[PDB]
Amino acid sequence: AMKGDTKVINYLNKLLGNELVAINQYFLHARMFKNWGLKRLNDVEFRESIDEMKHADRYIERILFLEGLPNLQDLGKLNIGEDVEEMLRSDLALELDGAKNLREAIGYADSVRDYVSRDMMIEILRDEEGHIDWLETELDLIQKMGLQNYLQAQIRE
């Protein structure tokens, strides 16, 4: 029960939009990875899709508590990618943009004394930094090994 800040609700709606795109893209990627027998990549991206659902659930709760409603910006084109490196690099691009939006919203919420929205978003950001770190590390390995040597190292004994 409270009427929240207009711009904070706007940020929460932009962020919930990001979650929906990420849930969609990790879903598709996970399934492609499983098809190619890349078990680890499927397991982690499927796991992080669950994190993203949780984030979207938190955003929706908060928007509704602030007496707003879910209302979304255009969610755009998903750049799925055609090979494993392109897939991961496109996930990293979403995550980096999403983290930038989240830091902007944290700063703003903090500035106008919406500390509960701020703190929710801080917890979500810690999760997103984990999502970024995984992707960066895997893409670093693809650079060091070469893509095909990297894919071969995914094959289980």
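Start at 1 and count along the sequence shown; that's the residue number.
According to the PDB record, 7-15 carries the higher mean C-alpha B-factor of the two stretches 132-140 and 7-15. Checked against the record, the higher mean CA B factor of 88-96 and 63-71 lies with 63-71.
Sorting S49, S117, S111, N42 by the CA temperature factor given in the entry leaves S49 at the top. The PDB entry assigns its highest CA temperature factor, among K34, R103, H55, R126, to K34. When all modelled residues of the chain are sorted by CA temperature factor, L38 is found within the highest third.
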